[PDB]
Amino acid sequence: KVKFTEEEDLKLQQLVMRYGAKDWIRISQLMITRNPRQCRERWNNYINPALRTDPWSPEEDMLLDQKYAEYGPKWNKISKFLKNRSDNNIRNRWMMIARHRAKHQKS
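Residues numbered from 1 in each chain as written, not as in the entry; some residues may be left out. Heavy atoms only, no water.

As annotated in the PDB entry, the chain carries the name MYB24 and is attributed to Trichomonas vaginalis. Looking at the PDB record, one finds the entry titled "Solution NMR structure of the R2R3 DNA binding domain of Myb1 protein from protozoan parasite Trichomonas vaginalis".

## Observations concerning the nonpolar core
To keep things clear, this is the line we draw: Side-chain atoms within 4.5 Å link the members of a nonpolar core, which is a set of buried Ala, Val, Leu, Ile, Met, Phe, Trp, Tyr and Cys residues. For each residue, the accessible area found with a 1.4 Å probe, counting protein chains only, is set against the maximum for its type, and the residue is called buried under 20%, exposed over 50%, and partly exposed in between. Numbering goes from the N terminus for both helices and strands, where a helix is a DSSP run of H or I of at least four residues and a strand is a run of E of at least two. We call two residues contacting when some pair of their heavy atoms lies within 4.5 Å.
Counting nine residues, the largest nonpolar core consists of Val 2, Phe 4, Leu 12, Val 16, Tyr 19, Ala 21, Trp 24, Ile 27 and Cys 39. Counting only elements with at least two residues in this core, the list comes to α1 (6–19) and α2 (24–30). No other element matches the three residues that α1 contributes to this core. Those residues within four positions of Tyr 19 in sequence are excluded, and the remaining contacts are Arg 26, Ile 27 and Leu 30. Among the nonpolar cores identified, the runner-up in size contains seven residues, and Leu 64, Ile 78, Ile 90 and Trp 94 belong to it.

## Description of the pattern of salt bridges
Keep this limit in mind: A side-chain nitrogen of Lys or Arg and a carboxyl oxygen of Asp or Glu constitute a salt bridge if their distance falls within 4 Å.
Applying the stated criterion across every chain, the model contains six salt bridges. A salt bridge links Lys 22 to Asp 23, with the shortest nitrogen-to-oxygen separation between them at 3.3 Å. Exposure remark for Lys 22: the relative accessible area of 65% places this residue in the exposed category. Relative accessible area serves as the criterion here: at 22%, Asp 23 is assigned to the partly exposed category.

## Brief notes about helix α6 (residues 87–102)
This is how the line gets drawn: A residue's bend is the angle separating two fitted axes: one through the seven residues that end there, the other through the seven that start there.
Taken as a whole, α6 carries its principal kink of about 25° at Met 96. Buried residues of α6: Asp 87, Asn 89, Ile 90, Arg 93 and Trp 94, and no others. For α6, the secondary structure elements touched by its buried residues are α3 (36–46), α4 (58–70) and α5 (75–82).

## Details of the domain arrangement of the chain
To keep things clear, this is the line we draw: As used throughout, domain bounds are those supplied by an automatic or database domain assignment.
What the domain assignment lists for the chain is domain 1 (1–53) and domain 2 (54–107). Each partner contributes to the interface: domain 1 provides 10 residues, whereas domain 2 provides 11 residues. Our enumeration of links across domain 1 and domain 2 arrives at one salt bridge. For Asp 87, the salt bridge goes to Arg 42, with nearest N and O atoms at 2.6 Å. No other element matches α3, which puts five residues into the side of domain 1 that touches domain 2.

See the structure below:
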């Protein structure tokens, strides 16, 4: 997980809404515990395009088995390969698709 907790990711929606999405150096001054790119990575992988409903397809499932196998549930690194979804969508959809392979229905 990232240094800050999801609860912070919500603060980003507010602070970033006040800065728009370009003064990360300022938002980082408040919480120097993270780099400007760390909170920005959430902007596109959490709030910016309104992906409250942008679920991926088996393409990420098969291409994720390769990335996850390396990073694992770090939707922070995966969401960067999508730039179309958010960790909240991946962490949430992976549990929907992982629920099918959870038992053995995989075959």
